[PDB]
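Numbering (the entry's author numbering), first residue to last: 0 to 105.
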Ligand SMILES: *SCCS(=O)(=O)O
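So this is what it looks like as structure tokens:
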């Protein structure tokens, strides 16, 4: 259990800076979203397998402001960060592409 919930743009930007030189994975999801429910367990399992990666969760229903600014059109969308920079992104509950993108950027 290493996934921290992001409830604000304040928290988001604080979390990104707190990350330092570590890869940051953000899961944009919703509670009513089927594909999101499928991959949620795996996303969380990945958090305590990739200890040198920072895992975050954003509920797009709570943070409609942030989801817009981040250009989430559908979920789950996964967005990847290093320093203060977006270094990767895909949308889809694709277990294979998620771990692959983690490895291709850590
Ligand atoms: S996903 C982050 C959007 S913004 O705050 O960097 O513009």
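The beta-carbon is built from N, C-alpha and C at its ideal position, and this holds for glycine as well.
Residue 75 versus 59, 45, 67 and 82, residue with shortest Cα-Cα distance: 59
For residue 6, the nearest candidate out of 56, 79 and 15 (CA to CA): Per the Cα distances, 56.
Reference residue 179, options 0, 3, 23 and 30, closest by Cα: With the chain covering 0 to 105 only, the question about residue 179 has no answer from this structure.
Pick from 0, 8, 9 and 17 that is closest to residue 81, judged by C-alpha positions: 17
Buried versus exposed call for residue 84 [16 or more other C-beta atoms within 10 Å across all chains shown]: exposed
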